[PDB]
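Residues per chain are reported as follows:
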Amino acid sequence: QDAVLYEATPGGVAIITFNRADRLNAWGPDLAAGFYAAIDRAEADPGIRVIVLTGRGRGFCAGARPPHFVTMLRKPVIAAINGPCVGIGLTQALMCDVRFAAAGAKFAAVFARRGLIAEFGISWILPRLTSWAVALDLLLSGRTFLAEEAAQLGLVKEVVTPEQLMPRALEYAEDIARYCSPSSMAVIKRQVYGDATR
Amino acid sequence: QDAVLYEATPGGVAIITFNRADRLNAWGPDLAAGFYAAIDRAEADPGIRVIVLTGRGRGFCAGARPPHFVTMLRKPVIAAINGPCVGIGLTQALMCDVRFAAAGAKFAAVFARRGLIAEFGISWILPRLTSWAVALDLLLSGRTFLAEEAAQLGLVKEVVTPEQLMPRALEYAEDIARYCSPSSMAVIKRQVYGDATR
Amino acid sequence: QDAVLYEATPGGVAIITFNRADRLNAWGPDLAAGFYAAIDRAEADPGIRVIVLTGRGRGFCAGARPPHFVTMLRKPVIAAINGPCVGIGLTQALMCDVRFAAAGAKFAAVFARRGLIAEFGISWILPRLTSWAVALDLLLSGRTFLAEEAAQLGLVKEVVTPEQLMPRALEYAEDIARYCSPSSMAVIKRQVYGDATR
Ligand SMILES: [Cl-]
Ligand SMILES: [Cl-]
Ligand SMILES: [Cl-]
Ligand SMILES: [K+]
Ligand SMILES: [K+]
Ligand SMILES: [K+]
């Protein structure tokens, strides 16, 4: 019944799960507070190496701290996009280090004025991950695109079958946990994002 | 006989047409003045929501205000690239918000020194829409690439058949006109381009 | 027996060849000094228009002046990636203007702390050529990807057969040498990289 579930694997992956499936995990203060507390806990636990972020049920996070605070963590966040990824849900996914998506999962850059203007929000991350052209197209049209188009556009690293989504996100996450030390991951995130988050 | 034609649809799309087909709409002072006046008119008319830009005949704009002034408009410009898009014609296309191209249409980043050095010109927009690598390749080689390669490289949103070019550009344009308010479009353009145009 | 071989074609291409095949051309002070001296020589010779960079044997440069000094040359460098491109070898390839790769050639962004933190190194060039997402994935995973994936990701202009690698890199290089004047190439490199190398 908690808004956000928290689970740690033996391999040192914190699994963070949006748990309001009845509303396709639409953003809200319960979901926010669960998310922050869950992230803080993974971030503070030296036994945790990598974070996996996902939504329970049919949707990832469909509509409704700075927007990009995930980019300033010492630890990587892997989004496993199980279904509808819309509005603030797209913004949060794109703030993550790496994204896997289930085949058929729907994306839409649909926003109210407040999301469009928000500093370090979608109008910041989207063109940085893709380009002005992609960002203009997706924002002005508000159109729906699927996991496969998202991958073509570079919004997603890899599309897998729905059944294989979590095994793959977890495989990859323990893979990087073995390959990089904790201070190497922190260095990488800080080096890649750079001066740009400040 | 006007250098640039102007037409407004019932749906609030201003269609701006380069009308010097005999010279494949090669840039010139007549074409410039028509273009500025036509853009100003669409921009000033509160009945106009979106602008569509195209060339009459076999070519879009093949060879020969700041270069990027289209990026600072309150309203989106959709380029419908019907044929040869070269030199300053490529620069103008790339300054537009969204590009559709006819199958087979030729592109070339061929420039004199003046176009290469021009501030906020092709050496600004090209790598921003693609990358240093793409920009270096296209500029140093001056090579010809077709609509399909342009799409792969992210220079074009979508390739359609020549017959379907204008219907598609207009469909998309009235689509965004319904989806976004005028102040939402203005906000989007300002948020996406950001500090970078100043 | 020289660490780096130097050869000039009639067409004004300087061919620079890493010549420590026994260790897959792994970076080292011999290789560095040969490379700098060879580049300086091409750069100073007004008969030289374009530089081609390659590795003798099975590998390009597999593991181990500022990192990006190639980007500040007046003349283009075309990398012909014949085989394993890893660590500092990936950084050097990516500093080049244009990259061709042999089919099957292995790439890996595998680095010690010193390479990850290095200023204007891989954590600078990689996301600029691709994106934060690609850079985060490749750096945090340290994974191996082949020429074909590298091309999809925009790290490579074109994959050719191993037999056709040098003929193609040289064709392209003499092609650009005919198309651009020397001062036009210098202008292009300076315009594309811009304020960013300073
Ligand atoms: Cl490491
Ligand atoms: Cl809106
Ligand atoms: Cl030229
Ligand atoms: K350590
Ligand atoms: K309004
Ligand atoms: K000259």
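Just above sits the structure.
This section reports on the structure supplied with the text. (Residues numbered from 1 in each chain as written, not as in the entry; some residues may be left out. Chains lettered and ligands numbered in written order. Heavy atoms only, no water. Residues with missing side-chain atoms left out of burial classes, pairs and counts.)

1. What about the overall build of chain A?
- Assigned secondary structure in chain A consists of eight helices and ten strands.
- Against the 2.2 N^0.38 benchmark of 16 Å for 198 residues, chain A shows a C-alpha radius of gyration of 16 Å, consistent with a compact globule.
- Judged by the C-alpha coordinates and their principal axes, chain A covers about 45 × 40 × 30 Å. (Helix = DSSP H or I, 4+ residues; strand = E, 2+ residues; numbered from the N terminus. Rg over C-alpha atoms; globule rule 2.2 N^0.38 Å.)

2. Considerations on the interface of chain A and chain B
- Listed as interface residues are 19 residues of chain A and, on the opposing side, 23 residues of chain B.
- When chain A packs against chain B, the two sides together hide about 1800 Å² of surface, and 69% of this comes from carbon and sulfur.
- When residues of chain A are sorted by the area they lose upon contact with chain B, A:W132, A:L136 and A:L140 head the list and together hold 46% of the total.
- Applying the counting rule to chain A against chain B returns one salt bridge.
- Here B:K157 and A:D137 are joined by a salt bridge, their closest N and O atoms 3.0 Å apart.
- Put simply, chain A and chain B have three residue pairs in polar contact between them.
- Among the elements of the structure, α3 (113-117), α4 (122-129) and α5 (132-141) of chain A are those that each provide at least two residues to the side of chain A that touches chain B.
- A per-element tally of the side of chain A that touches chain B places α5(A) first, with eight residues. (Contact = heavy atoms within 4.5 Å. Buried area = accessible area lost by both parts, 1.4 Å probe. Salt bridge = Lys/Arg side-chain N within 4 Å of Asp/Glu carboxyl O. Polar contact = N/O pair within 3.5 Å; in protein donor to acceptor, adjacent residues only side chain to side chain.)

3. Some words on the relation of the copies chain A and chain B
- Overlaying chain A with chain B gives an RMSD of 0.0 Å, the required rotation being 120° about an axis along which the chain moves by 0.0 Å. Look at the turn and shift together and you get a three-fold axis relating the two. (Least-squares fit on C-alpha atoms.)

4. Considering the side chain of B:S131
- Its location among the elements puts B:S131 in the loop between α4 (122-129) and α5 (132-141).
- With relative accessibility at 4%, the residue B:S131 sits in the buried group.
- Excluding residues within four positions of it along the chain, B:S131 makes contact with B:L126, C:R128 and C:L129. (Buried < 20%, exposed > 50% of the residue type's maximum accessible area, 1.4 Å probe, protein only.)

5. Comments concerning the pattern of salt bridges
Residue and element names in this part refer to chain C.
- Summed over all chains, the structure comprises 30 salt bridges over all chains.
- Note that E43 is salt-bridged to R74, the shortest N-O span being 3.7 Å.
- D97 serves as the salt-bridge partner of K189, at 2.7 Å between the closest nitrogen and oxygen. You can see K189 sitting in helix α8 (residues 182-193) and its partner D97 sitting in the loop between α2 (88-95) and β7 (98-102), a full 92 residues away along the chain. An identical accessibility class is assigned to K189 and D97; each is buried.

6. A closer look at the interface of chain C and chain A
- Taken residue by residue, the interface counts 19 residues in chain C and 23 residues in chain A.
- Roughly 1800 Å² of surface becomes buried between chain C and chain A when both sides are summed, with 69% attributable to carbon and sulfur atoms.
- Three residues stand out in chain C for area buried against chain A, namely C:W132, C:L136 and C:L140, and they jointly supply 46% of the buried area on that side.
- The tally of links between chain C and chain A comes to one salt bridge.
- The tally of links from chain C across to chain A stands at three residue pairs in polar contact.

7. As for the nonpolar core
- Counting 228 residues, the largest nonpolar core has A:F107, B:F107 and C:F107 as its most contacted members.
- When neighbours within four sequence positions are excluded, A:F107 is seen to be in contact with A:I81, A:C85, A:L90, A:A101, A:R143, A:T144, A:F145, A:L146, A:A147, A:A150 and A:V156. (Core = buried A, V, L, I, M, F, W, Y, C linked by side-chain atoms within 4.5 Å.)

8. Some points on the sheet that holds strand β6 (residues 85-86) of chain B
Residues and elements named next belong to chain B.
- Taken in spatial order, the four strands line up as β4-β6-β8-β9 in an open sheet, and their pairing is mixed. At either margin of the open sheet sits one strand with a lone partner, and together these are β4 (61-62) and β9 (144-146).
- Bridge analysis of β4 against β6 gives two bridges, and the strand direction is parallel. Note on β6: the bridge partner recorded for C61 is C85. (Pairing = 2+ DSSP bridges.)

9. Some words on the sheet that holds strand β6 (residues 85-86) of chain A
Residues and elements named next belong to chain A.
- Strand order across the open sheet formed by four strands is β4-β6-β8-β9, with mixed pairing between neighbours. The sheet is open, and its two edges are formed by β4 (61-62) and β9 (144-146), each paired on a single side.
- Alignment of strand β8 (residues 106-108) against β9, held across three bridges, turns out to be antiparallel. Residue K106 lies in a different strand from β9, and its bridge partner there is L146.

10. So, the side chain of B:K75
Residue and element names in this part refer to chain B.
- Locating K75 in the fold gives a position in the loop between β4 and β5 (77-81).
- Here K75 is buried and forms no salt bridge, its nearest opposite-charge partner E43 lying at an N-O distance of 5.3 Å.
- A polar contact of 3.4 Å, which involves the side chain of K75, links it to the backbone oxygen of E43.
- A polar atom in the side chain of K75 sits 2.6 Å from the backbone oxygen of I48.
- Among all residues touching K75, those that are not within four sequence positions of it are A42, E43, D45, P46, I48, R49, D97 and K189. (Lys, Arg positive; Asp, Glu negative; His and termini not counted.)

11. Describing helix α2 (residues 88-95) of chain B
- For α2(B), the tally of buried residues reaches seven of eight residues, placing the bulk of the element in the interior.
- The set of residues buried in α2(B) consists of B:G89, B:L90, B:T91, B:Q92, B:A93, B:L94 and B:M95.

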